[PDB]
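Don't worry about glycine lacking a Cβ; one is built from the backbone with ideal geometry, like all the others, and counts go over all protein chains shown. The values are calculated or read from the model by the stated rules, or taken from the named source; nothing here is a laboratory result.
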Ligand code: HEM
Ligand code: HEM
Ligand SMILES: CCN(CC)CCc1cc(F)c(F)c(CCc2cc(C)cc(N)n2)c1
Ligand SMILES: CCN(CC)CCc1cc(F)c(F)c(CCc2cc(C)cc(N)n2)c1
Ligand SMILES: C[C@H](O)[C@H](O)[C@H]1CNc2nc(N)[nH]c(=O)c2N1
Ligand SMILES: C[C@H](O)[C@H](O)[C@H]1CNc2nc(N)[nH]c(=O)c2N1
Ligand SMILES: [Zn+2]
């Protein structure tokens, strides 16, 4: 039938999903095969890669404008029918169209709202949108990003924000932030074959060096920005450090902890994803919010191809690291995440633990099913990477489907950029 | 067609061709994923049974390099004779053992499948009464427990006939502790089991009304009223739960049974339905340490453990819950290993399953897997499966869920 129930097996709440009937693009799954643990399951875009014909772009534009005007209790109004014919002539005469300030804000907010993988979405409508569509150079991108960071950091009282550079036009004039996130630490391939800093960014850190960045070759070296405007070669910019809020990691009991010389930055800011609205593609749209403690303390510190400080922390803890069954990783993991939370909170840097976040997300689910007929959600990603079953989401059935507007992954620019 | 899955921690990339052999539905659509739905959702006619039988027989004779052979073709013919004359058919012992092993191998939710081929199959298809079932299961338990050196085993009771003569183990698992709701709303024992405990008590069981009462087997044979039987106490191997560092942990009075034995599922081989097929392995620690003890609607000992740990329970962000969950799980592992009862920690088990998965891709062309279930319920990202992409599809033979027998049985006595 035309309904799909999700059940929470810890509370027996059953929600009834009709919103999935609006899903537009494929999840990757078939009746015969589920792909819910595939990181990039589908390539079902809504258009061909480079500027699409009218009969391609306009149907997507019409659908979005239709949604925007429906959202605001119009549809068929004078302004809706005018906007349609304005988008028509704009596509006719430029092969694209330009979003209104209102529609741009609506779209950004809803792409966040539709981010199935985001546990933080209860905040979705409280997003600050910086319109950077007038930007024309990497210097201008740098100014816009600096302001983003300064506004978003707000001295630790972090604030959600997105800065939207111009939409893709022909595909050779992309605006891109080459950094995956606005603030990452460098990773250094060492002579022996080990790795100093953040191993995830070894490749990006080398592009930076290979572009003239002079690496301090330390553990927590903030990477420069590598900004690409209107398709041109990317340019390095050093973020003013007074804008990169950093928290030294200490522990509320293990005083030897701060002597591990660990710190992390306060602002998570995804800068390599693509924001899609009415078939328009915003290839540079850095968006930031605030950390769930597990992202630093479980993934950034404890993944094997990341900082991998589990080994160290357990040593100092005097744990039996002979076998796995002492749970020495699990014990050290918990202590590390206590430290991360405690440090952020002591410095009044906005952070949320995985209990509070997951609980917020269940509330948001309820809110969404009540007012929207559903809420797309990716269990594989919503469930935090430690203490899964002692959080409310583990026991929460989630329907996952693709609504638009949305954030999409996109090739890393260096796989695609022909240099000049 | 092919399909690739990536491990994002190691970058290993396996290629799945075996998904082509799936048929049963995942419940996902092309536009919705149901990968976190627990149950995404009565007797086959002759026409339905023919191709299901054929497919299984074909697959069995393929697995033993006798496809197209004379013995293969007579078997197919023999099966068809039965489905005509008797509207069903009877597995050979070879086929039953193979089918049971492959239902395990095909169990996408099971992290323990590296052991699938070492499965001790007990053919109980001659059983006719609940007493026979009691006997078969006692022997199952005694064999699988093996004084703490646990052995995988399944006991398979007569397949479904018309649906009106089903064999069922009414117990969800062979060994479970009873739960009793109190007038005041509190719960003694295992809160997950209060319903079944009521049913047993209703059937004449005199409960000791303690924290760790092993429930009685409630056995149904041939569609008759189920009957109560008390597992001989000396067959229930049990581990008192102590902690290697906290001398006070033993004062929690905690124990758990050593033998995990699922009895509420249905084994499907070649379209035949084995509604009673209890199977057993050994525990991953977190099944006891994270879920049995720490699920809020289970034994919920995080409160007590945290208190005796002095943890600050005012703010979640102290991670008292997290920190106490670990110590509970250390205790569970230490307790079993000390008593030389088989158990596997989540790290060892996920590691073995990655090697198994890779091997299954190598020799079989894939390994369906339910990431939502394969990832342990604690410390997920620090185990290799977390970073391992996985394809979920339904291969037959398979273990399937089935309705609880008290929601479908129509009673015979009085
Ligand atoms: C405000 C606090 C926020 C929190 C606590 C939060 C939390 C998270 C977490 C934990 C993830 C998974 C992270 C990972 O392991 O990679 C995630 C993913 C995501 N978030 Fe949020 N988020 C927040 C704000 C935002 C904002 C402001 C946006 C967009 C404007 C957003 C959009 C997304 C998207 C698109 C993903 C998917 C990323 C991917 O697929 O790689 N989030 N979020
Ligand atoms: C030998 C050691 C084994 C280990 C360590 C093991 C471990 C596990 C775990 C942790 C689960 C998840 C269950 C949950 O968390 O609720 C599971 C599920 C499952 N196991 Fe295994 N298992 C083992 C043996 C077996 C055997 C012998 C069979 C059958 C012959 C089997 C069939 C299954 C099935 C069908 C499921 C799915 C449960 C469901 O769909 O609800 N397993 N196993
Ligand atoms: C495949 C996943 N990988 C590759 C991109 C992610 C690695 C990574 C690196 C980061 F610096 C980082 F912040 C994240 C978390 C994303 C996030 C975004 C927002 C807006 C808020 C929040 N709290 N978290 C993930
Ligand atoms: C989905 C319903 N589940 C969770 C609510 C019931 C709880 C429960 C109770 C058990 F006694 C139990 F063994 C399991 C795990 C199943 C299993 C089977 C085998 C062969 C080995 C093993 N190690 N584990 C789950
Ligand atoms: C809602 C969700 O599907 C449900 O809690 C599942 C998640 N994954 C699981 N994984 C295992 N191993 N055991 C479980 O009981 C569950 N429960
Ligand atoms: C293979 C698996 O899909 C992959 O490791 C996913 C699992 N879930 C995740 N969940 C979050 N939040 N972030 C991640 O990077 C991942 N990785
Ligand atoms: Zn799916």
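For segment B:329-338, name all the residues that are out of contact with any strand residue (DSSP E or B) (no Cβ under 9 Å at 6 or more places or on another chain), surrounded by 24 or more Cβ atoms within 10 Å (Cβ to Cβ) and more than 7 Å from chain A (Cβ to nearest Cβ).
B:331
Name the one entry in A:406, A:346, A:305, A:326 that is surrounded by fewer than 20 Cβ atoms within 10 Å (Cβ to Cβ), within 16 Å of ligand 1 (Cβ to nearest atom) and at negative phi. Outline the logic, then answer.
Values: A:406 fails: surrounded by fewer than 20 Cβ atoms within 10 Å (Cβ to Cβ); A:346 fails: within 16 Å of ligand 1 (Cβ to nearest atom); A:326 fails: within 16 Å of ligand 1 (Cβ to nearest atom).
Exactly one of A:406, A:346, A:305, A:326 is surrounded by fewer than 20 Cβ atoms within 10 Å (Cβ to Cβ), within 16 Å of ligand 1 (Cβ to nearest atom) and at negative phi, namely A:305.
Here are the criteria: (1) within 16 Å of ligand 2 (Cβ to nearest atom); (2) within 14 Å of chain A (Cβ to nearest Cβ); (3) crowded, with 22+ Cβ neighbours inside 10 Å. Tell me which single one residue B:259 does not satisfy.
All conditions pass for residue B:259, except number (2).
Given the condition outside the structural domain of residue A:113 (by CATH), over 30 Å from residue B:297 (Cβ atoms) and in contact with a helix residue (DSSP H, G or I) (Cβ under 9 Å, 6 or more places away or on another chain), answer yes or no: does some residue in segment A:24-40 qualify?
no
In the set A:91, A:72, A:33, which member is closer than 30 Å to residue B:24 by Cα and more than 16 Å from ligand 2 (Cβ to nearest atom)?
Just one listed residue meets the conditions, A:33.
Confirm whether residue B:192 is under 20 Å from residue A:10 (Cα atoms), in contact with a helix residue (DSSP H, G or I) (Cβ under 8 Å, 6 or more places away or on another chain) and buried (at least 16 other Cβ atoms within 10 Å of the Cβ). Even if it seems obvious, please write down each step before you answer.
Numbers: under 20 Å from residue A:10 (Cα atoms): yes; in contact with a helix residue (DSSP H, G or I) (Cβ under 8 Å, 6 or more places away or on another chain): no; buried (at least 16 other Cβ atoms within 10 Å of the Cβ): yes.
No.
Among the residues of segment A:19-51, which ones are over 30 Å from residue A:171 (Cβ atoms) and within 26 Å of the chain's Cα centre (by Cα)?
Scanning segment A:19-51 gives A:19, A:20, A:21, A:34, A:36, A:37.
Any chance segment A:76-87 includes a residue that's farther than 30 Å from residue A:363 by Cβ and in a loop (DSSP other than H, G, I, E, B)?
So the first thing to find is which residues in segment A:76-87 are farther than 30 Å from residue A:363 by Cβ, and the list is A:76-87.
Cutting the leftovers down to in a loop (DSSP other than H, G, I, E, B) gives us A:76-77.
Yes, segment A:76-87 contains a residue that is farther than 30 Å from residue A:363 by Cβ and in a loop (DSSP other than H, G, I, E, B).
Would you mention how many residues in segment B:275-323 are within 16 Å of ligand 3 (Cβ to nearest atom) and within 30 Å of residue B:162 (Cβ to Cβ)? Show your work before the answer.
To start, the set of residues in segment B:275-323 that are within 16 Å of ligand 3 (Cβ to nearest atom) comprises B:317.
Subsequent filtering for residues that are within 30 Å of residue B:162 (Cβ to Cβ) retains none.
Total satisfying the criteria: 0.
Can you pull out every residue in segment A:1-57 that is assigned to a loop (DSSP other than H, G, I, E, B), over 30 Å from residue A:412 (Cβ atoms) and away from ligand 7 (no atom under 16 Å from the Cβ)?
Listed by number, the residues that qualify are A:1, A:2, A:3, A:9, A:10, A:11, A:12, A:13, A:18.
Out of A:267, A:275, report the one residue that is more than 14 Å from chain B (Cβ to nearest Cβ), away from ligand 7 (no atom under 16 Å from the Cβ) and more than 15 Å from residue A:349 (Cα to Cα).
Residue meeting the stated conditions: A:275.
Which condition breaks for residue A:136 when tested against (1) surrounded by fewer than 19 Cβ atoms within 10 Å (Cβ to Cβ); (2) not in a loop (DSSP other than H, G, I, E, B)?
(2)
Select from segment A:364-387 the residues that are part of a helix (DSSP H, G or I) and within 21 Å of the chain's Cα centre (by Cα) and list them in ascending order. Steps first, please.
Just the residues of segment A:364-387 that are part of a helix (DSSP H, G or I), to begin with: A:364-372, A:379-382.
Scanning segment A:364-387 gives A:364, A:365, A:368, A:379, A:380, A:381, A:382.
From A:72, A:105, which residue is surrounded by fewer than 20 Cβ atoms within 10 Å (Cβ to Cβ), touching a strand residue (DSSP E or B) at 6+ places or on another chain (Cβ under 8 Å) and away from every other protein chain (no Cβ under 14 Å)?
Just one listed residue meets the conditions, A:105.
For segment B:385-403, which positions are surrounded by fewer than 18 Cβ atoms within 10 Å (Cβ to Cβ) and within 14 Å of chain A (Cβ to nearest Cβ)?
B:401 - this is the single residue of segment B:385-403 that is surrounded by fewer than 18 Cβ atoms within 10 Å (Cβ to Cβ) and within 14 Å of chain A (Cβ to nearest Cβ).
Residues are listed down the side, and each one gets a yes or a no for (1) more than 16 Å from ligand 2 (Cβ to nearest atom); (2) within 14 Å of chain A (Cβ to nearest Cβ); (3) in a helix (DSSP H, G or I):
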site: B:99; (1), (2), (3): no, no, yes
site: B:114; (1), (2), (3): no, no, yes
site: B:117; (1), (2), (3): no, no, no
site: B:154; (1), (2), (3): no, no, no
site: B:175; (1), (2), (3): no, no, no
site: B:188; (1), (2), (3): yes, no, no
site: B:198; (1), (2), (3): yes, no, yes
site: B:205; (1), (2), (3): yes, no, no
site: B:209; (1), (2), (3): yes, no, no
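Inside segment A:398-420, can you point out the residues that are within 26 Å of residue A:296 (Cα to Cα), in a loop (DSSP other than H, G, I, E, B) and touching a helix residue (DSSP H, G or I) at 6+ places or on another chain (Cβ under 8 Å)? Working first, answer last.
Of segment A:398-420, the ones within 26 Å of residue A:296 (Cα to Cα) are A:398, A:400, A:406-413.
Still in the running and in a loop (DSSP other than H, G, I, E, B): A:398, A:409-412.
Of everything in segment A:398-420, just one residue is within 26 Å of residue A:296 (Cα to Cα), in a loop (DSSP other than H, G, I, E, B) and touching a helix residue (DSSP H, G or I) at 6+ places or on another chain (Cβ under 8 Å), namely A:398.
Residue B:334: away from ligand 3 (no atom under 16 Å from the Cβ), in a loop (DSSP other than H, G, I, E, B), under 27 Å from the mean Cα position of the chain (by Cα) and not assigned by CATH to the domain that holds residue B:36, yes or no? Give the steps one after another, and end with the answer.
Details: away from ligand 3 (no atom under 16 Å from the Cβ): yes; in a loop (DSSP other than H, G, I, E, B): no; under 27 Å from the mean Cα position of the chain (by Cα): yes; not assigned by CATH to the domain that holds residue B:36: yes.
So residue B:334 does not fit the description; no.
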